[PDB]
Amino acid sequence: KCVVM
Amino acid sequence: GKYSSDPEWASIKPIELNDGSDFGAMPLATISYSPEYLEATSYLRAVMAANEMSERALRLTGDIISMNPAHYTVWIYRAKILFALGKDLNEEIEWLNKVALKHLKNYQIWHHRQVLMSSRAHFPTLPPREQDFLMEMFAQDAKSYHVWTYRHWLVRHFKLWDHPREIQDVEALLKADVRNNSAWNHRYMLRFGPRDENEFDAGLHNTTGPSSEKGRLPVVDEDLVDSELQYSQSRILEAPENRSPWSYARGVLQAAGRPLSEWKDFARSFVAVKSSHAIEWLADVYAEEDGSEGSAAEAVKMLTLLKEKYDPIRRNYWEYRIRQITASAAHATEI
Amino acid sequence: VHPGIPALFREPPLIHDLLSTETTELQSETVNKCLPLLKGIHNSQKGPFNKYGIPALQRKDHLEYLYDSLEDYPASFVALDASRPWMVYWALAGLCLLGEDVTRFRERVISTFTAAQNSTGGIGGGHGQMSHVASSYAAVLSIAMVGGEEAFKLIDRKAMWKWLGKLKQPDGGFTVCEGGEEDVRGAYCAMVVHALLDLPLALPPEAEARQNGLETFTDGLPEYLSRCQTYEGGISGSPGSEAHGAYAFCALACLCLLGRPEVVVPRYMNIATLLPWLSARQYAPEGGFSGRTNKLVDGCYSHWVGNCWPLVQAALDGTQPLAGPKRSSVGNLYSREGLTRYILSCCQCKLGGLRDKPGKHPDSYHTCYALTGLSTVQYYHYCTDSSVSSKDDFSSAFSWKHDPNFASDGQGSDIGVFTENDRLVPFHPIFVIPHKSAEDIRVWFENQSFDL
Ligand SMILES: CC(C)=CCC/C(C)=C/CC/C(C)=C/CONC(=O)CP(=O)(O)O
Ligand SMILES: [Cl-]
Ligand SMILES: [Cl-]
Ligand SMILES: [Cl-]
Ligand SMILES: [Zn+2]
């Protein structure tokens, strides 16, 4: 799982 | 609906969602929000528009966070309310710890922690179980980037570079997994990171200098450097293909103004090859610090081993290094 | 197994330490999931398989996935509320890469972002959310891709400038929103919005950062980014954090908005340590990039790490003159073959969409950035002495041009193992949209007087 903000 | 039926909320009218649908063409990537979330957020719009600092607004922010902890606006408004009302931030941290334990990879929870903990009026010194809470997080994900970022801030804020739990917690994480690069990175900050409170924070010393000298310490504690290099060698011997301690040692030598050739014999001991990092170390020693006698050819041989056998996906970078060494050697032969 | 697949992509690495830790367990699991897909023998894979043993890009499947991703989501997707502008951007960018004309989305983009714009300036995740530089970046890039005067007109440029000026910090960086965190995303997203909207370089006269002696949006900024390099050579999100490919992209792309790559990047970064750390992001046999040392490959780094390469390569090659004779290039310093294998063999989902890695469901973020990285390998991207900007500030950023790097035949260290049938539209390495879209919005704004 990738999160950018 | 919970807010609209509560007389606690009677004195304020919610602001309905306007997402642009039935004010034109239909909007994109819409979410069919639950009734509870639609209602809560419509009350949040109203309180924020009024700049309301109140206990009810504080409870509303906690409710919205329970539904969507990635709502960045509600966390910032929560922190405004906590400070405006003089709330007990020890109690806020105990609530935040529960949220943090429920949700991973989240910018807001760890930014909010830094907002609260930065208040010296409330937290004049490191709280007594703060390091243990960070270790609760690292037991679940030892490489959690936002928790390590918070711990770097905590070390600078409370001046913890020489605090024994910082090194002990890094060593416990490296005993559990010597390949934990996040722990190696924090080790570099504790040992070699800049500490001058009158300068902006940096990952490396000497960022006002030429970029080739970035990292150079103004004053070198030679015994500390020796100790950290010995520690690095001991960890390498447990798992010689682990990049992290090799990179850490390069960083220590750069900080100290010492050459890679200090480890020439150690690197040769792995070369029948037990470490690709040892081969790259040797290529650099022969290329960059040896001005002799076939040293250029030996560097090229090491890079050829990397490109053909031991790290072939990086062939184009090894060949770029071969071209640089060959040009340099040609320049040497020329003069 | 197909004869066109080299052993490097069919076997684990030669050297293997005896000690098992969680890092090696996860690395080994990832290699073992990727191997049947790299070899082209997994029953989830659709052909045709090319001469290098690699499946086609499943264009129709991905188009349908990206169009569907623009429609409505159920309540369970509430955590994406703050990310709605991103979901618009990722889908439009994937559709553009795949060769769609996204003009027909102009009205729906206008509808979506009109509601998310705050009257005090900037764009947030949606009605009632405070402005955030990431949602403003996503919205501006979306507006650029759909184009048209009506979309460009929606943005309140003066209020955007006032709000972005509030984010400028004493140390030269930017927070991502008022009261939010400071990291290199803030800097890169703020400066891309600033550049594409041709905002004034000077800070608003009331900007707090003026009290700390700063005068313009770029004052103290490359120095701040230099302070995010780490001992490993890579670049972290904020000073002292761990080097990471996503933050290296933000920092290097932001440096290239400040001047020519061969001036700014070697001045503020130690290239001697940056280059090997960037090279070390790529693994075999997977072929893709990881974000940080001792972690796993992931298809979204095909953009964050992959698009660092044209920036670093330009810093080493220098600006290409349109008049002068062709100069020598350092070429590609990573394996285009490896990256292409990882994206096409390992990151395509049989039902459409692309993913982080085998075993993960797709999403439109991974679909956008795996496609973006596949496009990068298909072009020479370089900066020139010919800019579409009429002004000096960001002149180099508007000078980037592209030539196709055509599909190859034969073995080699720097080869194109996609087919030409897999060719995507080129994207600008700093703005992450088609060059013409970035050009058109910048030039339109350059020709508008700044609002009173
Ligand atoms: C323009 C934007 C918004 C750039 C930022 C994009 C990325 C992907 C931010 C990365 C931040 C990151 C280090 C988050 C922490 O969690 N993510 C991981 O741990 C993933 P990995 O294991 O690949 O590091
Ligand atoms: Cl200062
Ligand atoms: Cl707001
Ligand atoms: Cl699949
Ligand atoms: Zn990812």
Side-chain angles (χ1 to χ4, degrees), chain A, chain B residues 15 41 44-49 51 72-74 76-77 104-107 110 141-149 181-182 196-202 208, chain C residues 23 26 30 83 86 89 116-122 124-138 141 163 170-172 176-179 181 183-193 212-214 220 223 236-238 241-251 253-254 281 288-301 303-305 307 356-357 365-366 369 430-432:
Chain A
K1 199 230 207 312
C2 291
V3 166
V4 309
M5 60 185 296
Chain B
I15 297 177
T41 56
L44 186 69
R45 277 190 281 271
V47 292
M48 291 187 307
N51 201 35
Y72 58 87
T73 300
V74 76
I76 294 159
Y77 179 53
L104 292 333
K105 280 167 194 166
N106 180 304
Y107 278 92
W110 293 94
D141 181 348
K143 302 183 180 186
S144 169
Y145 197 96
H146 297 119
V147 184
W148 285 106
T149 293
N181 195 69
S182 301
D196 186 345
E197 79 183 356
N198 296 315
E199 300 294 350
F200 294 129
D201 198 5
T208 54
Chain C
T23 293
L26 290 166
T30 299
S83 290
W86 280 126
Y89 167 73
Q117 186 170 217
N118 290 303
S119 67
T120 48
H127 179 202
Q129 300 187 51
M130 70 200 12
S131 295
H132 188 291
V133 300
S135 35
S136 289
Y137 167 94
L141 287 190
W163 165 70
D171 72 355
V176 297
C177 63
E178 292 183 76
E181 60 274 20
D183 63 45
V184 298
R185 296 175 297 144
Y188 167 71
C189 292
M191 292 309 307
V192 162
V193 170
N212 305 102
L214 301 182
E223 297 91 344
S236 60
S238 53
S241 285
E242 180 180 12
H244 196 286
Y247 295 136
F249 175 76
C250 288
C254 193
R281 305 273 44 74
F289 303 125
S290 62
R292 43 176 163 148
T293 302
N294 273 319
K295 296 209 78 193
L296 301 177
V297 297
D298 173 347
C300 66
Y301 299 128
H303 167 62
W304 302 114
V305 171
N307 272 317
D356 157 6
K357 64 172 58 62
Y365 162 87
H366 282 100
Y369 291 122
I430 297 175
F431 297 115
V432 210

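Protein chains get the first letters and strands the later ones, always in sequence-line order, with residue 1 at the start of each. Each ligand, and each atom within it, is numbered from 1 in the order the structure gives.
Looking at residues two or more places apart in sequence or on another chain, you find a side chain to side chain donor-acceptor pair (under 3.5 Å) between C:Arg185 and C:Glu181, C:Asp183. For B:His146, the ring-ring contact (aromatic ring centres under 6.0 Å, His included) test picks out B:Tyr107, with sequence neighbours left out. The side chain to side chain donor-acceptor pair (under 3.5 Å) check on B:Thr73 picks up nothing, with sequence neighbours excluded.
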Within the protein, flag every N or O under 3.5 Å from an N or O of ligand 1, and note the pair and distance.
{"residue": "ligand 1", "atom": "19 (O)", "partner": "C:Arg292", "partner atom": "NH2", "Å": "2.9"}
{"residue": "ligand 1", "atom": "22 (O)", "partner": "C:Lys295", "partner atom": "NZ", "Å": "2.7"}
{"residue": "ligand 1", "atom": "23 (O)", "partner": "C:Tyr301", "partner atom": "OH", "Å": "2.5"}
{"residue": "ligand 1", "atom": "24 (O)", "partner": "C:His244", "partner atom": "NE2", "Å": "2.8"}
{"residue": "ligand 1", "atom": "24 (O)", "partner": "C:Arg292", "partner atom": "NE", "Å": "2.8"}
{"residue": "ligand 1", "atom": "24 (O)", "partner": "C:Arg292", "partner atom": "NH2", "Å": "3.3"}

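Contact check for B:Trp110 versus B:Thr149: no side-chain heavy atoms found under the 4.5 Å cut-off.
To the nearest 0.5 Å, the span separating NE2 on C:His366 from SG on C:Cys300 amounts to 3.5 Å.
Relative orientation of the B:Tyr145 and C:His244 rings is perpendicular, given thresholds of 30° and 60° on the angle between their planes.
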